[PDB]
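Below are the chains, spelled out letter by letter.
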Amino acid sequence: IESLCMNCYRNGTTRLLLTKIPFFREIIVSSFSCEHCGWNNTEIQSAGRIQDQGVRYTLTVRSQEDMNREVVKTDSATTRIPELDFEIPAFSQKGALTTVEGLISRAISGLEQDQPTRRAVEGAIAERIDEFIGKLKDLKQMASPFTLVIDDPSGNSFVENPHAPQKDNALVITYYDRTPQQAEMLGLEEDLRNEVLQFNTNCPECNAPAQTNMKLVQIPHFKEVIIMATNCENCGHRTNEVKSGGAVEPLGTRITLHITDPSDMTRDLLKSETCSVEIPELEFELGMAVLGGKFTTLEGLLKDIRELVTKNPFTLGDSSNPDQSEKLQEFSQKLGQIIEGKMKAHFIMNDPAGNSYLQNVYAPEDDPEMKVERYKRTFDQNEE
Ligand SMILES: [Zn+2]
Ligand SMILES: [Zn+2]
């Protein structure tokens with residue numbers, strides 16, 4: 001973007017850095033620089049996505065000057081030319097910067113480009129389209145004025161006033177309060193969540209410095225947890241552990257997901273160090289401390305499981321060749337099929353401590369294919 005330098009009055013360069021913020025707002029950073037005199041400046045502006053009021057531009061077109069007017073037309077805007085009973089309804093076209101004449105030329109092209117086909121296969125309809133196209137083309141000869149109406153409930157559409165600071169009598173601009181219909185059509189204060197804050201802290205056994213990574217995880221659809229990942233350099237002590245940070249003493253949780261859709265792959269997923277994972281169709285269960293303490297996705301976990309199991313074969317307790325296991329090859333094939341979306345299976349996460357999460361893509365509503373059972377674990381066979 002070429003912009004005037006206020007320090008030397010040459011043209012320099014403006015870079016625009018845009019940031020989305022919650023609740024239909026945007027920050028625009030305009031960073032100016034001039035290579036010639038070295039001057040530089042930055043302005044930070046905050047903008048709403050939606051204006052307070054809808055806008056309606058009613059332009060009487062009389063001259064080439066009017067035809068040359070720049071037009072910004074948002075996707076939510078309706079366009080009409082009432083003298084031709086013509087309408088481009090909202091959401092027919094994507095947002096665009098054009099001109100008044102450009103608008104009309106694009107409409108002509110939209111009708112005209114397929115007329116060779118239409119004239120061949122639908123003669124009578126094509127004849128009436130040809131007749132309308134001629135009416136649009138006639139507007140460019142400008143023997144009579146016509147009206148262009150652009151009505152946008154978002155308020156973001158724009159029609160240029162080519163008469164500079166002077167008045168623009170040919171263009172009547174009205175503003176209106178949106179109906180609830182208009183508001184809903186547009187998808188109508190702060191979101192200060194901190195989903196993850198991460199820091200190194202002491203070794204929980206040896207008090208060595210900065211040996212444990214601690215992640216405070218505070219997502220909306222799940223209780224606060226702290227993930228601790230140790231890997232000691234001074235003592236060798238290694239552990240991954242998820243702990244509940246809130247008041248609720250967690251019960252056991254058994255989550256059963258029926259995997260029915262490739263979309264299931266992107267479900268978010270925390271597995272704790274006490275969470276067993278089972279895929280009953282594949283006769284497979286993972287140890288509780290395995291491949292977890294990790295915030296991942298279902299696809300991420302399944303691919304990890306595929307690597308662990310099928311890419312690290314061994315034999316313990318017999319003389320069989322670990323690289324020739326029928327059941328391992330069967331497992332690899334079927335897991336691949338689940339990952340690719342070509343096979344349905346149940347995925348069960350069972351955590352007696354309730355420190356594990358699987359995204360419910362229907363939240364806060366129930367997922368028909370996901371069942372969560374809660375239970376109390378009173379007995380530990382390893383000694384409690
Ligand atoms: Zn300059
Ligand atoms: Zn240590």
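> Just checking my understanding: could you explain the side chain of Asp66 for this structure?
With respect to the secondary-structure elements, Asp66 resides in helix α1 (residues 64-67). Judged by relative accessible area, which is 5%, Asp66 ranks as buried. In terms of polar contacts, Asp66 uses its side chain to reach the side chain of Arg69, at 3.1 Å. Aside from chain neighbours lying at most four places away, what touches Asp66 is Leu59, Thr60, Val61 and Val100.

> When you look at the state of the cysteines in this model, what are you seeing that I'm missing?
Joining two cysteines, a disulfide is a covalent bond between their sulfur atoms. Under the criterion given, the structure shown has two disulfides. Note that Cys232 is cross-linked by a disulfide to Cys235, the S-S spacing being 2.1 Å. Sign of the S-S torsion, about 130° for the bond between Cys232 and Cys235, identifies this disulfide as right-handed. Residue classification places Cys235 among the partly exposed positions, given a relative accessible area of 36%. For the protein, numbering the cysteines in disulfides from first to last along the sequence yields the connectivity 1-2, 3-4.

> Sorry if this is basic, but what is going on with the coordination of the zinc ion (ligand 2) here?
Octahedral metal centres with six donors ideally show angles of 90 or 180 degrees, and tetrahedral centres with four donors ideally show 109.5 degrees. Protein ligation of the zinc ion (ligand 2) involves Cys203 (SG), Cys206 (SG), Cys232 (SG) and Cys235 (SG), the donor distances falling in the range 1.9 to 2.2 Å. Between consecutive donors of the zinc ion (ligand 2), the numbers of intervening residues give the motif C-x2-C-x25-C-x2-C.

> Got a minute to help me understand the coordination of the zinc ion (ligand 1) in this structure?
Donor atoms from the polypeptide that bind the zinc ion (ligand 1) are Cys5 (SG), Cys8 (SG), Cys34 (SG) and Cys37 (SG), placed at 2.3 to 2.4 Å. Around the zinc ion (ligand 1) sit four donor atoms, and with donor-metal-donor angles ranging over 102 to 114° the site reads as tetrahedral. As a motif over one chain, the donors of the zinc ion (ligand 1) read C-x2-C-x25-C-x2-C. Within this pair, whereas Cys8 is found in the loop between β1 (2-4) and β2 (11-21), its partner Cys37 is found in the loop between β3 (25-33) and β4 (40-48), the two being separated by 29 residues in sequence.

> Hey, could you run me through the pattern of salt bridges in this one?
Any two side chains of opposite charge can pair, given that their charged atoms come close. Summed over all chains, the structure comprises 18 salt bridges. Between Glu190 and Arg25 there is a salt bridge; the shortest N-O distance is 3.2 Å. Of the residues examined, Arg25 reaches a relative accessible area of 23% and is grouped as partly exposed. Here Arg254 and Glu373 are joined by a salt bridge, their closest N and O atoms 3.2 Å apart. Note that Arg254 is positioned in strand β17 (residues 252-259) and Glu373 in strand β24 (residues 370-375), a separation of 119 residues in sequence. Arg254 gets classed as partly exposed once you look at its relative accessible area, which sits at 27%. Among the residues examined, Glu373 registers a relative accessible area of 32% and is labelled partly exposed. Salt bridges here are not isolated pairs; linked through shared partners, they connect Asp66, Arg69 and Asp168.

> Looking at this structure, I do not really get the side chain of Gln211. What am I missing?
With respect to the helices and strands, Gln211 occurs in the loop between β13 (196-201) and β14 (212-217). Residue classification places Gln211 among the buried residues on the basis of a relative accessible area of 13%. Side-chain polar atoms of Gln211 contact the backbone oxygen of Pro209, separated by 3.0 Å. Excluding its chain neighbours within four sequence positions, the residues that come into contact with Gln211 are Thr201, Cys203, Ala229, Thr230, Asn231, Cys232, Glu233 and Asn234.

> Explain the packing of helix α2 (residues 100-112) against helix α4 (residues 123-139) here, please?
The relative placement of two packed helices comes down to the angle between their axes together with the axis-to-axis distance. Two numbers describe how α2 lies on α4: the axes approach to 10 Å, and their chain directions differ by 165°. The orientation of α2 with respect to α4, classified from their angle, is roughly antiparallel. For the crossing formed where α2 meets α4, the hand is left-handed. Here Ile104, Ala107, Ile108, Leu111 and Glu112 of α2 come into contact with α4, specifically with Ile129, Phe132, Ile133, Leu136, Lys137 and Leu139. Of the residues in the contact of α2 with α4, the class split is nine nonpolar, no polar and two charged.

> Can you walk me through the UniProt feature "zinc finger region: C4-type" in the protein in this structure?
Following the UniProt record, the feature "zinc finger region: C4-type" maps to residues 5-37 and 203-235 here. With 0% helix and 61% strand, residues 5-37 has its two end C-alpha atoms placed 9 Å apart. Taken end to end, residues 203-235 is 0% helix and 39% strand, and its two terminal C-alpha atoms sit 9 Å from one another.

> What is the right way to look at the packing of aromatic side chains in this model?
Note on aromatic pairs: each is described by the distance of the centres and the angle between the planes. Per the stated rule, a full pass over the model turns up four aromatic pairs. Taking the centre distance of 5.4 Å and the plane angle of 35° together, the rings of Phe86 and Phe132 count as tilted. Residue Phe86 is located in strand β8 (residues 86-88), and its partner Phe132 is located in helix α4; the two are separated by 46 residues in the primary sequence.

> I keep staring at the sheet that holds β2 and nothing clicks. Help me out?
Strand pairing in a sheet is mediated by backbone hydrogen bonds. Such pairs are either parallel or antiparallel. Strand order in the open sheet formed by four strands is β1-β2-β3-β4, and the pairing between neighbours is antiparallel. Every other strand in the sheet has two partners, leaving β1 and β4 as the edge strands with one partner each. Ignoring strand direction, the axes of neighbouring strands in this sheet form an average angle of 35°. Pairing analysis gives nine bridges linking β3 to β4, with the strands arranged antiparallel. Its bridge partner being in β4, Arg25 is matched across the sheet by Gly48.

> Sorry, what's going on with the environment of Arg15 here?
Structurally, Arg15 can be placed in strand β2. Along the sequence, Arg15 and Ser30 sit 15 residues apart, while their C-alpha atoms lie 5.9 Å from each other. Excluding anything up to four places from it in sequence, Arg15 contacts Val29, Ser30 and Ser31.

Criteria and thresholds
Residues numbered from 1 in each chain as written, not as in the entry; some residues may be left out. Chains lettered and ligands numbered in written order. Heavy atoms only, no water. Helix = DSSP H or I, 4+ residues; strand = E, 2+ residues; numbered from the N terminus. Buried < 20%, exposed > 50% of the residue type's maximum accessible area, 1.4 Å probe, protein only. Polar contact = N/O pair within 3.5 Å; in protein donor to acceptor, adjacent residues only side chain to side chain. Contact = heavy atoms within 4.5 Å. Disulfide = S-S within 2.5 Å. Donors = N, O, S within 2.8 Å, 3.2 Å for Na, K, Ca; no water. Tetrahedral: all angles 85-135°; square planar, octahedral: opposite > 155°, others 65-115°. Salt bridge = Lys/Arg side-chain N within 4 Å of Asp/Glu carboxyl O. Axes fitted to C-alpha atoms, helices over the stretch in contact; angles between N-to-C directions. Parallel < 35°, antiparallel > 145°, perpendicular 65-115°, else oblique. Left-handed = near helix turned anticlockwise from the far one by under 90°. Nonpolar A, V, L, I, M, F, W, Y, C, P; charged D, E, K, R; others polar. UniProt positions renumbered as here; feature names shortened; annotations may be inferred. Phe/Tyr/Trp six-rings, centres within 6.5 Å; stacked < 30°, edge-to-face > 60°. Pairing = 2+ DSSP bridges.

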